[PDB]
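Here you get one chain, nothing else, as structure tokens; it is the form deposited in one PDB entry.
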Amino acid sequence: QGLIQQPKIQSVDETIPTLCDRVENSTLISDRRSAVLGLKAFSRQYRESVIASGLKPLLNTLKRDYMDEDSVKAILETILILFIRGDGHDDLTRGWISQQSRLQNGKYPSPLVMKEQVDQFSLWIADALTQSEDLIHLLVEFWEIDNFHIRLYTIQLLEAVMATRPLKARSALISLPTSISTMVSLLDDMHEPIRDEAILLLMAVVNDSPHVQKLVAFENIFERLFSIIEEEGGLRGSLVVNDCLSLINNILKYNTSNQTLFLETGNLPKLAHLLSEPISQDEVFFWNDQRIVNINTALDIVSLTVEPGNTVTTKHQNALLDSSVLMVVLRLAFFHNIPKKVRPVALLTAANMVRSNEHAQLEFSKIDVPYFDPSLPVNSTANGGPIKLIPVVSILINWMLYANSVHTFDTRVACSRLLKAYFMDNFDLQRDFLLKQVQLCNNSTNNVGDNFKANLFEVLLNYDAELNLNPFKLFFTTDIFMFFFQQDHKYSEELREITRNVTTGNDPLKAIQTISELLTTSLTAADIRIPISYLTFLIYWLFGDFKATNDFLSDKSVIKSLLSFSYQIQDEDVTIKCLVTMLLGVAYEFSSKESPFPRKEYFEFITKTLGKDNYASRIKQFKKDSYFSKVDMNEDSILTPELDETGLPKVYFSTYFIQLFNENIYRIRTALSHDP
């Protein structure tokens, strides 16, 4: 309504104020209503004029005309228009409102949504609606009106104020009892867009609010959200499923009671059913960014319930084990048709499920995964069955060690973290694993050794000429053995001793001397990872282990090579040079009178050649001026690391080595000093 050229000065001074007057004062709803539509037209051009002039009248006429549907509807449209000037195509900025309820409160397909807008004018409207506890209560009462647009416009307006003044709006909404129950009931609304919009407002309201988390939980919401998810096609739903999952996430995050509620009320079978969607003989599940995000959000919900350090973790872990969830997430980890971004997430979810739980770990050790066909399989029974069952632990070790090219580094470190979750705080399972692993090595060195791969001893004690093409294979191997060797670990001595007393044939010969030969041979290797892995391993092994120091010292030829190697041009290989130096120092510190290279003989041999100053210097130089110096002191931020020209992660040091060095840096540096 109007014309094209209307000078601002007449509109502000004469028309809007007159219309504001008519909205509040006309004694005929008909003319009040009509004044609102007059304001609604000016709201597109003269937003702020109408906010200043129009707002209090609009809100006053809204409390008066609240039983009149056309009156309520026209005022709600007008406020929504006023909320933002806005770049986009909708004057009511409803797209912006939904996007704020998602981005502010959930994790959405980042690629698929590459998108301040809120003014002093927004905040004016937001405070006008917020100061008034009664206006909030009025809006809530509008959900009883039998009008689609009013119910939707009310949800949207509340989303707008929750995106601008959440604490006041959340405060007001809680004050009305019955308020949440009503919101949850919008999920049953006959009209789909009210159901959809209500998931977004629920996300906004329960976010960072334990009070609302418990309030929403008591409204039987899990049952509702899971029917919407199955009704929209599960993982193959798009945003509504993301919203449903995102809302399930916000109701459980940091709410143990809500978590134990979710598990005990028959949700697991539902979550399992949804997680299990991508695995069918029938179709080839179609993967895109939305379905990746849906499943990962689903996996995250499993993870929440079993966050380590909470008192309920064991309970939750045990609960998840008493369903199909573990088996289903391990299918997602191992199945062929699974995106790279999903595999690691499934692997670390399983790791949270089993970490430090005998019952979870002992069940884990019995899980087998179906595989298809070998060489020369006649499908007929007489030849056999083309299906083979492989133990999950074997696949982890295989993927960890030999799955370069086909699997991402992230999957390989997830495999490493799941294995550590499996062995965590379970000495018996650690011992049985190593003992089984040494048998298999003795078939590769004795029975058929001299006339798929999952053996750590094979890697640690054999020479691979092409190791430079898969350096991380060695890095993982040393990192698992250091993990086992932890001094602070219960009965680590037994595990050290089993690894020490292994004999081989390569390049009979015990583990520490075989690794020594492998080390010295490695000082000339393309990848500096290879030498760092052996060096840090042996330093770790020798540190506080007299029998390991004696095995090392029992071969003067190796100490000669290491001393020779330590003499390099001042800039050439300062990291190897210091690690070699550190090895000899540490070997000195746990040398005794009856070490095969006697202490005082080995002391003279090291001190005369290198010097008490040059040693201490090269320990100090290792901390401050080597590869070691620039490592982030993160226990679990080796996932998604920085890359090389070659394309290799910038990962050199196992965390156990870093912890050992940092915790005894003084003792290392002063090994040659003072001691006899």
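Numbering starts at 1 and runs along the sequence shown.
Going from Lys593 to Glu594, you skip over nothing: the modelled chain follows the deposited sequence without a break. Unmodelled deposited residues between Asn451 and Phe452: 10 or more, per the record. Mean CA B-factor, 579-587 versus 355-363: the higher value falls on 579-587. When the C-alpha B-factors of 427-435 and 175-183 are averaged, 175-183 comes out higher. Across the options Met114, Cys415, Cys244, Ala160, the residue with the most elevated CA B-factor in the record is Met114. In the deposited coordinates, the residue among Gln104, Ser444, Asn258, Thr478 with the greatest CA B-factor is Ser444. When the modelled residues of the chain are ordered by their C-alpha B factor, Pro386 lands in the highest third. Ranked by Cα temperature factor within the chain, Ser654 sits in the lowest third according to the deposited record. In this PDB entry, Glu458 carries a Cα temperature factor that places it within the middle third of its chain's modelled residues. Split the chain's modelled residues into thirds by C-alpha temperature factor. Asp282 is in the highest one. Annotation for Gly88: C-alpha temperature factor in the highest third relative to the rest of the modelled chain, per the entry.
The same protein also has a form deposited in another entry, omitted here; what follows describes it.
For the rearrangement between this form and the one not shown, modelled as two rigid parts, a different rigid part is recorded for each of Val329 and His489.
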